[PDB]
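Novice: just the starting chains for now, same placement as in the complex:
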Amino acid sequence: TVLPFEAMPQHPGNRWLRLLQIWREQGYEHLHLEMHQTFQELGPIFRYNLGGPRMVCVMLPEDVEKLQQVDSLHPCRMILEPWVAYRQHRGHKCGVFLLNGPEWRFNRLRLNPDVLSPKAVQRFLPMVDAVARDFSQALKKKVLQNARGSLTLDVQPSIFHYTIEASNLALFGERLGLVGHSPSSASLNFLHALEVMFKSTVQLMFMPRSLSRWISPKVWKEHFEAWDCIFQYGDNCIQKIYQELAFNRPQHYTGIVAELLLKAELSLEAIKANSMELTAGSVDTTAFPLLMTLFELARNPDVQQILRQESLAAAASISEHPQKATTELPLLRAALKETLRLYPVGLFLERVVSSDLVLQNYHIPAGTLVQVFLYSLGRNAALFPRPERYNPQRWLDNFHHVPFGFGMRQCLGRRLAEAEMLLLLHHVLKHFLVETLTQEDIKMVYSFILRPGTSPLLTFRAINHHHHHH
């Protein structure tokens, strides 16, 4: 006795009122708070009167599980129009982020061994580790200059450059000295273009191209300029590795995009496509969780001390083999789960479902956009007693951690992001105390990704008073 779809509670909003609001305010920064309010009012599930087709909103781990079982051989998420529009506009391919069906599987099966797999991690992680080391050392050099052995800064810029750097090293095998040196104009341009892309994504996202073409011509013009810039940044990288490997096939490991070029299992343009997604994808999605993690430790000193204690003890064996940072810092790994529980950069998981299923005892038809809202999911008091508490212990005691998604589609950059975040935190922790007066909740803001709206003024205080030694 399952309830018919038509009998599911309904988000009260006109698709058109949202759209005009996006037109007026040039964005939709509270999306997540609204959604959250909506589950709060209506409960675990609801449907949204969309532009015609059925779409449903869920927030329970149970629902993710079922969603995973219904994953075909080709799971589907929605065609993000403005992004694809650009690719077809310049005649490019699309990486796994923008693909569906046979083309997606083909690519993903050829990217898993070299981006995601555990044998890939083990080659690229010591490279990340070196970048992570330079971050702290450089931050320590600046810290010890100060009479008080501390520095108080907005760490956002430098975190964003750490991830431009750690990533570009792992990906391409070049250091672009953006750690312990000022931003370049090339890196500042890139960052800005990525911001413009997301903002202009949100403006064009909520309406068909046929209509947005004539009511927002210059949003489109903005979006393509931003991409043109993101693409110039990423094609410059491609050109350099590509010419280099034309003349010398290395004996040793020189990064992820080198494996893909060597192994030649993918066409040049298919590699170009997937390189871009990795260069663009590796920056913001990693930086905000680091930032938010830095904030949570800063304002939970007792948890900070615990994570340090663990990192101080594993110090010696991690500088011996940096690869042991995965298995030896499980509290730190847990802290990340916790940061992403509260601050889920990917706001929601998306499936355009290909077979009737049952969620929450309602019946879901073939082609329903099911959408899993990870903000409300993370804050469910029933599943996460005291959700407002940052308590990484919570995780040590299943589908509760799913911020990278699930199944075969699960984030290709998961382990790179994980390594990058984990390793930076490890070195910061053994070297510095992290502090703030700014102990009130940071207001998160939606522009395609869920990001902090402000940056807290953080303090890094040296524990030792030495440049190398913790």
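Specialist: Arrived safely, thanks for sending. Numbers count the residues shown, from 1 in each chain, chains lettered A, B, ... in the order given.
Novice: please make it C-alpha for all contacts and neighbour counts, starting now.
Specialist: Will do.
Novice: kindly list the longest helix within chain A.
Specialist: Looking across chain A with DSSP state H, the single longest helix is helix A:217-247.
Novice: buried sites along that one?
Specialist: Neighbour counts over helix A:217-247 (16 or more other C-alpha atoms under 10 Å) mark A:219-220, A:222-227, A:229-231, A:233-235, A:237-238, A:241 as buried.
Novice: stretch A:24-32 too?
Specialist: For stretch A:24-32, a neighbour-count test (16+ other C-alpha under 10 Å) marks A:26-29, A:31-32 as buried.
Novice: next one: stretch A:293-306
Specialist: A:293-300, A:303-304.
Novice: now intersect the residues you listed with the helices, please.
Specialist: A:293-298, A:303-304.
Novice: nearest to residue A:408, of the buried residues of stretch A:24-32?
Specialist: Residue A:408 lies nearest to residue A:32 out of those, by C-alpha to C-alpha, at 26.3 Å.
Novice: hang on, isn't that closest one packed against residue A:377?
Specialist: No. Assessed by C-alpha atoms under 8 Å, residue A:32 is found out of contact with residue A:377, at 11.5 Å.
Novice: assign a three-state SS to the nearest residue to residue A:355 once chain neighbours are set aside, would you?
Specialist: Among residues not flanking residue A:355 along the chain, residue A:366 sits closest, at 4.6 Å (C-alpha to C-alpha, 6 or more residues apart in numbering). Secondary structure, DSSP: H, G, I helix; E, B strand; the rest coil: residue A:366 is coil.
Novice: give me the distance between residue A:366 and residue A:339.
Specialist: Separation of residue A:366 from residue A:339 (C-alpha to C-alpha, to the nearest Å) stands at 34 Å.
Novice: so these two - more neighbours on which side?
Specialist: Taking other C-alpha atoms under 10 Å, residue A:366 and residue A:339 do not tie; residue A:339 has more neighbours (24 against 12).
Novice: OK, contacts around that one?
Specialist: Counting by C-alpha atoms under 8 Å, 6 or more residues apart in numbering, residue A:339 makes contact with A:289, A:292-293, A:296, A:390.
Novice: what of residue A:184?
Specialist: So residue A:184 contacts residue A:178 (C-alpha under 8 Å, 6+ apart).
Novice: distance-wise, check it relative to residue A:134.
Specialist: Distance from residue A:184 to residue A:134, by C-alpha to C-alpha: 17 Å.
Novice: look at residue A:152 and give its secondary structure.
Specialist: Classification of residue A:152 using three-state DSSP returns strand.
Novice: once you drop chain neighbours, what's closest to it?
Specialist: residue A:459 is the one closest to residue A:152 (C-alpha to C-alpha, 6+ apart), at 4.2 Å.
Novice: burial count for the one you found?
Specialist: When counting by other C-alpha under 10 Å, one arrives at 20 neighbours for residue A:459.
Novice: next, it: phi, psi?
Specialist: Phi and psi for residue A:459, reported as degrees, to the nearest 10, are phi -110, psi 130.
Novice: also the one 5 residues further on?
Specialist: The main-chain torsion angles of residue A:464 are listed as degrees, to the nearest 10 and equal phi -80, psi -70.
Novice: in this structure it contacts residue A:470, no?
Specialist: Yes. Contact criterion C-alpha under 8 Å: residue A:464 and residue A:470 qualify, at 5.5 Å.
Novice: also, this goes in as chain B:
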Amino acid sequence: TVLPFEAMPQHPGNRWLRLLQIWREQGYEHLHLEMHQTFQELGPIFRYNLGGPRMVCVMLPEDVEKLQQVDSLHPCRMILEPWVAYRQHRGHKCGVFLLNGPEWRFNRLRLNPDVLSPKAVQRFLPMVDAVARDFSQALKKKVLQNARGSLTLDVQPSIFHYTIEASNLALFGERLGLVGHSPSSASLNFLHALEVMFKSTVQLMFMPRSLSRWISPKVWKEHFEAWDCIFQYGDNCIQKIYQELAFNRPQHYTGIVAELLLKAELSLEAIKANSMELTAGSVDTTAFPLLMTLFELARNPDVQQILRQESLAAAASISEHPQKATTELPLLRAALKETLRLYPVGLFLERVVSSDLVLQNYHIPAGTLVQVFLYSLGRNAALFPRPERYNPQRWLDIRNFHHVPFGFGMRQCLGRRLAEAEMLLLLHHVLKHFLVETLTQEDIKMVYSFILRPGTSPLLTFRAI
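Specialist: Putting chain B together with the chains above:
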């Protein structure tokens, strides 16, 4: 056995695509055509989705009849928000065109006697007649200066200036010097302001102020600025007459607005709002049909003769007694009806219906906005056999509800008789002196900017007979 509301056919599109359409287009110039191929395609009645509120579009006399039968004691047209908002902005009252309820009735009842009465019509018809005599007289001077004894021009300018001159005389007893001379900057400003006011109205009309406010704030600047020019024109007129009456009450007839001022049944403020409506309302609505009529006569020389023959035959007693023109030119009175059938100035009739009723075996809830759509109505080839035929004879036996281009009930156009007199009188004098021709045989594209209007001025030749 009565089908309930939502059983009715549904206009394809939505208010939102409409808004945005209008935003980018800056207009809705095809509304009449768009509504027409909706009647063609869906039937003689349909609903339009306002997402909650209730609208019905109808095209048949049969239905108009029932609409009237359900006029209240206070028949309602909808609040025309932009126009009313201007009255709020500047602190003036509303006239009869924008009122509803007891305030409407109180105004209208004190308005008909001097604006619409047959008795009124006798007092001002000879004034109108003077101006239309000056029109042909002037046209004739120019025509005879030419070797072929004819002049080919675009008359739209001089026609508009005619209706300004004739309204001003009828309304204020004042005679501007516009007929047979040059447009003054005031009149030109005035015609511009009016046409911008219509333009801007369409741009704000189809969305609530809560949207137009931020979507189209320049269009609001544009709308009010147009009205400021319109209120400057009429208030100048009011001011003049107010002063002359404070000083001397005349023993004789000197205009419509004088009779209102001398009676003082209505308040000064109320007299002002109505006088303004009559001044703005007596220009584009009269002038466009009068042009369309000239075009159709040029297009149908054999209808032009019949009419010319009637006017020459009635010339003498009309010259001697102007007032008789209402009764001695029945074919010319029919031609007006004919023009208004094919070219209805006010595109739709309108009632926010007070009681329940049934139209076309559909149930229509109280509070519903029922619109009659006259362009379709008059083009109903099943009701007017050979509908694109200009045939004045069509109207020689009057049933009534085939001719509703001024509306119906207590609400029917207050300016109706002044309108008909002006158009009647001009054509009469033009017919006795000139033949009217064009090579332009092809239909003229109507355009919708709040009123339905030609989008082109056909080039006309006038030849002295």
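Novice: what about dumping the CA coordinates of the helix or strand hosting residue A:341 to PDB?
Specialist: Element membership for residue A:341 (DSSP states H and E) is helix A:330-342. Written as PDB, here are the backbone C-alpha positions of helix A:330-342 (Å, rounded to 0.1, in the frame of the first residue of the first chain):
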ATOM      1  CA  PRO A 330      41.600   8.800  11.600                       C
ATOM      2  CA  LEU A 331      40.400  11.500  13.900                       C
ATOM      3  CA  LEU A 332      41.600  14.100  11.400                       C
ATOM      4  CA  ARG A 333      39.900  12.100   8.500                       C
ATOM      5  CA  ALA A 334      36.800  12.100  10.800                       C
ATOM      6  CA  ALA A 335      37.000  15.900  11.200                       C
ATOM      7  CA  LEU A 336      36.700  16.300   7.500                       C
ATOM      8  CA  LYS A 337      33.500  14.200   7.400                       C
ATOM      9  CA  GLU A 338      32.300  16.500  10.100                       C
ATOM     10  CA  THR A 339      33.200  19.700   8.200                       C
ATOM     11  CA  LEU A 340      31.400  18.400   5.200                       C
ATOM     12  CA  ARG A 341      28.500  17.300   7.300                       C
ATOM     13  CA  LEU A 342      27.900  20.900   8.300                       C
END
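Novice: regarding residue A:145, what is its secondary structure?
Specialist: Classification of residue A:145 using three-state DSSP returns coil.
Novice: circling back: contacts for the helix or strand immediately after the longest helix of chain A in the chain?
Specialist: Later in the chain than helix A:217-247, the nearest helix or strand by DSSP H and E is helix A:256-262. Residues external to helix A:256-262 that are found in contact with it (C-alpha atoms under 8 Å, 6 or more residues apart in numbering or on different chains): A:111, A:114-115, A:120, A:124, A:170-172, A:241-242, A:245, A:249, A:266, A:268, A:271, A:275.
Novice: which parts of helix A:256-262 are buried?
Specialist: Buried residues in helix A:256-262, defined by neighbour count with 16 or more other C-alpha atoms under 10 Å in any protein chain shown: A:256-261.
Novice: now the helix or strand following that helix against helix A:217-247, angle please.
Specialist: Beyond helix A:256-262 on the C-terminal side, the first helix or strand identified by DSSP H and E is helix A:268-281. Inter-element angle recorded for helix A:268-281 and helix A:217-247: 120 degrees (by axes from the mean of the first three to the mean of the last three C-alpha atoms, to 10 degrees).
Novice: relative to residue A:278, how far out is the spatially most central residue of chain A?
Specialist: The residue lying closest to the centre of chain A (C-alpha atoms, centre = their mean) is residue A:285, at 2.7 Å. From residue A:285 across to residue A:278, the span is 11 Å (C-alpha to C-alpha).
Novice: for the stretch 1-150 of chain A, which residues are neighbours of chain B?
Specialist: Contact residues, the stretch 1-150 of chain A versus chain B (C-alpha under 8 Å from any C-alpha of the partner chain): A:16, A:24.
Novice: contact residues of the stretch 151-300 of chain A facing chain B?
Specialist: By C-alpha under 8 Å from any C-alpha, the residues of the stretch 151-300 of chain A that approach chain B are A:214-215.
Novice: quick one: contacts for the closest residue to residue A:350 other than its chain neighbours?
Specialist: Nearest residue to residue A:350 in three dimensions, chain neighbours excluded: residue A:371, at 4.7 Å (C-alpha to C-alpha, 6 or more residues apart in numbering or on different chains). Going by C-alpha under 8 Å, 6+ apart, residue A:371 touches A:55-58, A:348-351.
Novice: sweet, I'm off.
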